[PDB]
């Protein structure tokens, strides 16, 4: 029996890991893990596929979050129960700012809370802010590989106007950040987020790959 309700993991599986890289789906999980040492698939239940690997001799976790705040909230809480204290989200997004180019990397400082799940953790007035160390590490890792990076606000909703968030400067949209960032910032957990710009309605697997290297390199600076 695992120590958690959904992930199907026990504390021993993590072998002392305190950091987890949290992408959306299993395919990406394996990709991330494959960049690191001693990659081992630990469990797979529903949307939650967890691998374990090592960075500079220290164990790190990679675990899929599924779609939306709801599913993210489960993986995040269960990983925290298992000992994870630092969470780094990696994804691919579409930018909505004309000065942002495909291939560029977006580091979220905070999210527009347009979801439902974030509210189960804090009133709307509480900001969905990324941890400073985590954001720093991500910005430095991106710089380390010559990526063009934008650091700012991301809009996060439960749905899969554009003009208003664009005037407010929001760089892009996605569905899980408000939850991740809020639940971490309101519980003493550190979270950060990086996304590769694969489209801009205002070349593509390379971007994802470059985003994957960047989350891994940020992790190395955070352990």
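Positions refer to the first chain, counted from 1. Basically, rigid core = biggest C-alpha set you can superpose within 1.5 Å across the two forms.
Root-mean-square C-alpha deviation from the shown form, taken over all structures in 7 other deposited structures of this protein superposed by the rigid core, is larger for 23-31 than for the alternative among 179-187 and 23-31.
Per-stretch RMS Cα distance to the displayed form in 7 other deposited structures of this protein, following rigid core alignment, is highest for 95-103 when 120-128 and 95-103 are compared.
According to the entry, the stretch of the deposited sequence that connects residue 15 to residue 16 contains no residue lacking coordinates, so the chain runs unbroken between them.
Averaged over CA atoms, B-factors in the entry run higher in 163-171 than in the other of 176-184 and 163-171. The PDB entry reports B-factors from which the mean C-alpha value can be compared for 104-112 and 125-133; the larger average falls on 104-112. Taking only the listed residues 22, 204, 215, 19, the entry reports the highest CA temperature factor at 204. Among 93, 72, 118, 86, the highest C-alpha B-factor in the deposited entry belongs to 93. Ranked against the other modelled residues of its chain, the C-alpha B-factor of residue 35 as given in the entry falls in the highest third. In the deposited entry, the Cα temperature factor of residue 46 sits in the middle third of values across the chain's modelled residues. In the PDB entry, a CA B factor belonging to the highest third of its chain's modelled residues is recorded for residue 26. Sort the chain's modelled residues by C-alpha temperature factor and residue 58 lands in the highest third, per the entry. Residue-level temperature factors show residue 155 in the middle third of its chain, judged at the C-alpha atom.
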